[PDB]
Every structure is written in structure tokens, then in C-alpha cells.
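Form deposited in one PDB entry, single chain, as C-alpha cells, below.
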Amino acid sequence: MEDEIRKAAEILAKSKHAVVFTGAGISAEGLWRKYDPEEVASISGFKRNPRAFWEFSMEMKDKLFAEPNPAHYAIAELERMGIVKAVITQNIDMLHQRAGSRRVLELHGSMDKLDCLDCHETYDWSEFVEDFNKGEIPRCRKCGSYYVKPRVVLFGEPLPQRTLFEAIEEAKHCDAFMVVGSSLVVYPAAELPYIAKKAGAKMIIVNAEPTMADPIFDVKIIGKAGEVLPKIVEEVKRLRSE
């Protein structure tokens, strides 16, 4: 990746409007999973078994309570340098903002806000996180319903149109598009790199494993984001020195 990292840094260095696209892989992490996200984290599943969704979240607490890693800081640095103008993410933990990124387009929402499906009461995550931490499943303090849904896009749910539009435009007008930690198997998000490819942007991908979209990237890197990204950023700094 020595050569690739250098090449990736060279593209970003010259770009005028780079966009980053991140997935679950940005964070390094029986055989089959006890909780199948396509079921417990699907809208049909939630409208039928809300508690299953929360039990699943609790099992993923370490990831939900994870803090920014070097990849998030590297990405925030690239924006600060004016090289990265937008970060499109499928993630819902707000780690990009928590790391310093400003223009973050959350394709799938975030845990920040929640609504009771039955009485429509809205809540802030801060109102349930302490219960959630001790294994208590959030329940509406108004009507007692277990249908307390966070404003995150579940499988089978339409993505927020406002965010989707801006993400599409960023892809349509960027001159460099870098995928970080995304296996690109979640749609419609997975279509954004292709829109950028169609736009003529230079393509870069950093992922632990190869993807079916790999063929369209100008530079491909296999590895952990948290280890790869800072390396790139450091090579970008040198390209912007005296």
C-alpha cells in the first residue's frame, strides 16, 4: 500500500473538491450472528418486535459507545486543510462530527433523536442512554409504548430525501471521491461512488476487503482505515509544504 497510499495522497493533494464516503468498516471490528440486522433492524421487524431491535443495539453497545479513531481525525484534518469538502456516511454514531468534521451528510440518520411511534412523543438520545446502559429497554415515558424508534434508517425504510439530494450533488460535483470502510453492499448508498465515477471524479477506496465495485477505482487499498488514513494525510501534508 506504500505506492497506493502515495498515489492516493497525490490525487487528494491536487483535487479541488474531494468527498469522503464511509461505512461500518471505518472502525476495525455460533458462526452466524444471533441478531440478524436485516431482520431485527428492519422496519417490519421493529413494528412487530421493537424489543428485539433494542436487545440487538445493546449487544452492539461497544460500537454504539465507540469514540473517534484515527481515521475520523484524519478525515477531519483533510477538511480543515480544505481538501475534503464533504463526508457522506452510512454511519449513525456521529463520530465524524465528534472528531471535528463539519459537513457530514448522514444518509441513514443518527441515534441523536427518537420518536414514540404510538403517541408521537419525540426524545433526545440523552434521555434513554442511561437506561440503555444498564440493560433497560427504552420505553415511552408518556404512553408506555415499546415502539420508541430512533431516527435512523432501518432496512426497508426510505432514506431522508434532504440528505440524499445533497449527497448526490456532492458526488455529481466532486473531483475526487474516496470510499473508506464500506463494503458497498448497502443501497442506495452504494450507488454514490458510481455517480461520482460517472462524473469523472478520481476514485479511491480503502477497505479491509475487496468489493464488487473495485474495478472502477483508480487507486485501491486493502487495510484498516484507522491505520491507512493517517498515513495518507501525512503524505498529503508533505505535498502542501514548502
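Position 1 is the first residue in the sequence shown; the rest follow in order. Here the rigid core means the biggest group of C-alpha atoms that line up within 1.5 Å when the two forms are laid on top of each other.
The same protein has a further form, the form deposited in another entry, not shown here; the description that follows concerns it.
- Task: Identify which of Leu184, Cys174, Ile205, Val40 has its C-alpha displaced by 2 Å or more between the shown form and the other one once the rigid core is superposed.
- Result: Going through each option, the one that shifts is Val40.
- Query: Has the Cα of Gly144 moved 2 Å or more between the shown form and the other one, judged after a core fit?
  - Reply: Yes, because once the rigid core is superposed, the C-alpha of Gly144 moves 2 Å or more between the shown form and the other one.
- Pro50 C-alpha relocation of at least 2 Å between the shown form and the other one, rigid core basis: Yes, shifts by 2 Å or more.
- Query: Comparing between the shown form and the other one on the rigid core: C-alpha of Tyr123 shifted by 2 Å or more?
  - Reply: Yes; that C-alpha moves by at least 2 Å between the shown form and the other one.
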